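Shown below, as C-alpha coordinates, is a lone chain in the form deposited in one PDB entry; questions about how it binds or moves come after it.
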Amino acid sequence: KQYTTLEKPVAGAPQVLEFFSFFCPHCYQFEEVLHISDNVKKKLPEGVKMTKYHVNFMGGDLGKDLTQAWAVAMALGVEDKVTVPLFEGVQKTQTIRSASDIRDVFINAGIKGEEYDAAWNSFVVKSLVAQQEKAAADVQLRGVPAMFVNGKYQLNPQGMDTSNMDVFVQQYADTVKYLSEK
(Lines give C-alpha, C1' and ligand atoms only; values in the text may rest on other atoms or scores of the structure.)
Protein backbone atom coordinates (compact mmCIF):
# COMPACT_ATOMS: atom_id res chain seq x y z
CA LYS A 1 0.00 0.00 0.00
CA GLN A 2 2.57 2.63 1.09
CA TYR A 3 5.63 0.53 0.32
CA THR A 4 6.63 -2.86 -0.97
CA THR A 5 9.07 -5.33 0.50
CA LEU A 6 11.76 -6.62 -1.83
CA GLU A 7 11.89 -10.36 -2.53
CA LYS A 8 15.67 -9.89 -2.87
CA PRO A 9 16.76 -8.05 0.30
CA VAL A 10 20.09 -6.18 0.02
CA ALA A 11 22.68 -6.00 2.81
CA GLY A 12 25.21 -3.21 3.42
CA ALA A 13 22.92 -0.52 1.97
CA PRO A 14 22.49 2.91 3.57
CA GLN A 15 19.61 3.53 5.93
CA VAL A 16 17.76 5.62 3.33
CA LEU A 17 18.88 5.43 -0.32
CA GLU A 18 17.29 7.55 -3.06
CA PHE A 19 17.63 7.30 -6.84
CA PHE A 20 16.91 10.19 -9.19
CA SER A 21 17.67 11.65 -12.60
CA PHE A 22 17.96 15.27 -13.58
CA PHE A 23 15.92 14.29 -16.68
CA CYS A 24 13.15 12.77 -14.59
CA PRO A 25 10.03 15.04 -14.33
CA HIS A 26 8.77 13.48 -11.15
CA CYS A 27 12.25 13.92 -9.66
CA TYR A 28 12.10 17.61 -10.54
CA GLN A 29 8.82 17.86 -8.60
CA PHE A 30 10.17 15.76 -5.71
CA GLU A 31 13.18 18.01 -5.32
CA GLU A 32 12.14 21.54 -6.28
CA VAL A 33 8.42 21.63 -5.43
CA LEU A 34 7.82 19.01 -2.72
CA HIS A 35 11.33 18.93 -1.19
CA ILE A 36 10.93 15.25 -0.33
CA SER A 37 14.51 14.62 0.83
CA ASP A 38 14.54 17.66 3.10
CA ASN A 39 11.36 16.68 4.92
CA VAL A 40 12.50 13.06 5.20
CA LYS A 41 15.66 14.41 6.80
CA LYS A 42 13.77 16.71 9.17
CA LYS A 43 11.48 13.91 10.40
CA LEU A 44 14.38 11.49 10.93
CA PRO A 45 16.86 10.85 13.78
CA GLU A 46 19.69 13.40 13.77
CA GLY A 47 22.20 10.66 12.82
CA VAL A 48 20.67 8.75 9.90
CA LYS A 49 22.85 8.71 6.79
CA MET A 50 20.93 9.70 3.66
CA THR A 51 22.36 8.73 0.27
CA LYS A 52 21.20 10.08 -3.10
CA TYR A 53 22.41 8.58 -6.36
CA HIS A 54 21.92 9.65 -9.96
CA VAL A 55 21.00 7.03 -12.57
CA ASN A 56 22.18 6.52 -16.13
CA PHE A 57 19.11 5.39 -18.04
CA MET A 58 17.58 8.78 -18.97
CA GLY A 59 18.92 11.58 -21.13
CA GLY A 60 21.12 9.70 -23.59
CA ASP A 61 24.83 10.51 -23.59
CA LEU A 62 24.03 13.40 -21.26
CA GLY A 63 22.64 10.92 -18.73
CA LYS A 64 26.03 9.35 -18.05
CA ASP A 65 27.62 12.80 -17.92
CA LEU A 66 25.17 13.83 -15.22
CA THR A 67 26.01 10.74 -13.15
CA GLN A 68 29.68 11.62 -13.37
CA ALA A 69 28.96 15.27 -12.47
CA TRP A 70 26.83 14.05 -9.56
CA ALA A 71 29.79 11.95 -8.43
CA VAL A 72 31.82 15.15 -8.72
CA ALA A 73 29.21 16.95 -6.60
CA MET A 74 29.34 14.19 -4.00
CA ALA A 75 33.14 14.20 -3.81
CA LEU A 76 33.22 17.98 -3.42
CA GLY A 77 30.29 18.24 -1.01
CA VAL A 78 28.48 20.70 -3.26
CA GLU A 79 25.16 18.88 -3.73
CA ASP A 80 23.28 21.71 -2.00
CA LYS A 81 24.68 24.23 -4.51
CA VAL A 82 24.18 22.41 -7.81
CA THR A 83 20.99 20.36 -7.42
CA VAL A 84 18.63 23.24 -8.27
CA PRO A 85 20.59 24.82 -11.19
CA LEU A 86 21.08 21.37 -12.73
CA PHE A 87 17.34 20.62 -12.61
CA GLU A 88 16.52 24.00 -14.12
CA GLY A 89 19.25 23.73 -16.72
CA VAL A 90 18.02 20.33 -17.86
CA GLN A 91 14.22 20.65 -17.61
CA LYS A 92 13.32 24.38 -17.39
CA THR A 93 15.67 26.30 -19.65
CA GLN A 94 17.00 23.19 -21.39
CA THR A 95 20.29 25.05 -21.89
CA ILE A 96 22.24 22.02 -20.59
CA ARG A 97 23.13 19.96 -23.67
CA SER A 98 26.82 18.96 -23.20
CA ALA A 99 29.30 18.01 -20.50
CA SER A 100 30.66 21.54 -20.83
CA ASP A 101 27.24 22.95 -19.99
CA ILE A 102 27.09 20.81 -16.86
CA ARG A 103 30.49 22.24 -15.90
CA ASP A 104 29.19 25.80 -16.41
CA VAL A 105 26.64 25.22 -13.66
CA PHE A 106 29.37 24.14 -11.23
CA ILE A 107 31.57 27.14 -12.09
CA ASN A 108 28.66 29.58 -11.67
CA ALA A 109 27.93 28.00 -8.31
CA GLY A 110 31.49 28.74 -7.13
CA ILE A 111 33.50 25.55 -7.71
CA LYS A 112 36.79 26.62 -9.22
CA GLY A 113 37.30 25.35 -12.75
CA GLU A 114 40.53 23.59 -11.87
CA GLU A 115 38.85 21.87 -8.91
CA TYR A 116 35.97 20.67 -11.06
CA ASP A 117 38.26 19.33 -13.77
CA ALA A 118 40.55 17.47 -11.35
CA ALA A 119 37.60 15.87 -9.59
CA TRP A 120 35.94 15.11 -12.95
CA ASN A 121 38.97 13.06 -13.96
CA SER A 122 39.74 11.68 -10.50
CA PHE A 123 39.57 7.98 -9.71
CA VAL A 124 37.74 8.87 -6.50
CA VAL A 125 34.96 10.11 -8.80
CA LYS A 126 35.30 6.98 -10.95
CA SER A 127 34.63 4.86 -7.86
CA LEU A 128 31.60 7.00 -6.96
CA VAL A 129 30.24 6.31 -10.47
CA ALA A 130 30.72 2.60 -9.76
CA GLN A 131 28.90 2.72 -6.40
CA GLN A 132 25.87 4.46 -7.92
CA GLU A 133 25.67 1.83 -10.64
CA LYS A 134 26.22 -1.03 -8.22
CA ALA A 135 23.65 0.29 -5.75
CA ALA A 136 20.95 0.55 -8.44
CA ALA A 137 21.82 -2.94 -9.66
CA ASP A 138 21.63 -4.37 -6.13
CA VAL A 139 17.91 -3.46 -6.18
CA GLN A 140 17.32 -4.06 -9.91
CA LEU A 141 16.15 -0.49 -10.03
CA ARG A 142 12.96 -0.02 -12.06
CA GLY A 143 12.74 3.68 -12.93
CA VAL A 144 13.03 6.92 -10.91
CA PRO A 145 12.32 8.51 -8.51
CA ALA A 146 12.80 5.72 -5.98
CA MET A 147 13.52 5.41 -2.30
CA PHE A 148 14.76 2.35 -0.42
CA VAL A 149 14.91 1.98 3.36
CA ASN A 150 17.46 -0.39 4.93
CA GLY A 151 17.75 -2.35 1.69
CA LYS A 152 14.36 -4.02 2.21
CA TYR A 153 11.40 -1.62 1.76
CA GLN A 154 10.67 0.54 -1.28
CA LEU A 155 8.41 3.59 -0.99
CA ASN A 156 5.19 3.48 -3.07
CA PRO A 157 3.71 6.95 -3.67
CA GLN A 158 0.81 5.64 -5.78
CA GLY A 159 -1.20 5.09 -2.60
CA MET A 160 -0.51 8.46 -1.06
CA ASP A 161 -2.77 11.45 -1.60
CA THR A 162 -1.78 13.76 -4.46
CA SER A 163 -4.62 16.26 -3.90
CA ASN A 164 -2.70 18.24 -1.23
CA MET A 165 1.08 18.68 -1.55
CA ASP A 166 1.77 19.01 2.19
CA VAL A 167 -0.34 15.95 2.93
CA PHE A 168 1.60 14.00 0.32
CA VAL A 169 5.01 15.00 1.70
CA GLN A 170 3.89 14.31 5.25
CA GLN A 171 2.57 10.87 4.29
CA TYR A 172 5.83 10.17 2.45
CA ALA A 173 8.11 11.32 5.26
CA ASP A 174 5.92 9.50 7.79
CA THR A 175 6.26 6.23 5.83
CA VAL A 176 10.06 6.56 5.63
CA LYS A 177 10.28 7.16 9.38
CA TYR A 178 7.93 4.24 9.92
CA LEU A 179 10.07 1.97 7.72
CA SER A 180 13.36 2.97 9.33
CA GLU A 181 12.11 1.62 12.68
CA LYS A 182 11.24 -1.83 11.31
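We number the residues from 1 along the sequence you see. Whichever C-alpha set is largest while still superposing within 1.5 Å between the two forms counts as the rigid core. Shifts are known only where both forms have a C-alpha.
The discussion below concerns the form deposited with a small molecule bound, not included here.
Q.
in the deposited complex, is there a heavy atom of the small molecule that lies within 4.5 Å of any heavy atom of residue 126, even though the partner is absent here?
A. Because no heavy atom of residue 126 falls inside 4.5 Å of the small molecule in the deposited complex, the answer is no.
Q. Taking 4.5 angstroms as the cut-off for heavy atoms, does residue 26 touch the small molecule in the deposited complex?
A. Answer yes; at least one heavy atom of residue 26 falls within 4.5 Å of the small molecule in the deposited complex.
Q) If you check in the deposited complex, is residue 34 within 4.5 Å of the small molecule, heavy atoms only? A) Residue 34 belongs to the contact set for the small molecule.
Q. Using heavy atoms and a 4.5 Å limit, would one call residue 30 a contact residue for the small molecule in the deposited complex?
A. Yes, residue 30 lies within 4.5 Å of the small molecule in the deposited complex.
Q) Upon rigid-core superposition, which contiguous segments of at least three residues exhibit Cα shifts of 2 angstroms or more between this form and the one not shown? A) When the rigid core is held fixed, residues 45 to 47, 161 to 163 are the runs that shift.
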